[PDB]
């Protein structure tokens, strides 16, 4: 009945692997240069992920490697405070919709237990809408990312420019040093890749070392 994504994602070598296995075309190795770890410690991890049904292996065979694929498409949500702990997984797949999350005029000062319970359940209903909108946006983004990966490949051809784009689209911010680390390239090459890439994608550098997508130029 389930893969424990928490346990999988709890080790940082597995995170790194997954963040490389996610842009398969884009990287030479599945590991960042600094995450220095042996095999079969890396192989230990891959096997752990195969066993959990997270990853699937292939032999890429010809006439006269192991590869891996990600077996799941899921979004997760969780909360930890002193008053509550809960989590929920969401199956991605689909339906564009104009959600409204109606938080204004949820009661802020209930007098009685009866009121508070009513108020809690009304909040639960707006929470459902949040989760539904989160499910929708993530199904959309994942579909689109696959298109972006193919469109960058054909339209431009550079694995490693795509790798950078991929990261920024998912995370917004990246230092030259962090990109250098995960790409196992030197800082000098990363910076030139960014300038080569700026010819196709509005990309700029801020504070001398921080790579960000130019969102002003992308919308208008």
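Numbering follows the first chain given and starts at 1.
In terms of unmodelled positions of the deposited sequence, the stretch from residue 94 to residue 95 in this entry skips 1 to 3 residues.
Higher mean CA B-factor, judged across 193-201 and 16-24 from the recorded values: 193-201. Higher mean CA B-factor, judged across 47-55 and 149-157 from the recorded values: 149-157. Residues shown: 100, 138, 109, 128. Highest C-alpha temperature factor in the entry: 109. The top Cα temperature factor in the record, among 174, 162, 41, 30, falls on 30. In the deposited entry, the Cα temperature factor of residue 70 places it in the middle third of its chain's modelled residues. Among the modelled residues of its chain, residue 4 has a C-alpha B-factor that falls in the lowest third according to the deposited record. In this PDB entry, the Cα temperature factor of residue 35 sits in the top third of its chain's modelled residues, the highest group.
Looking at the C-alpha B-factors along this chain, the one for residue 182 belongs to the middle third.
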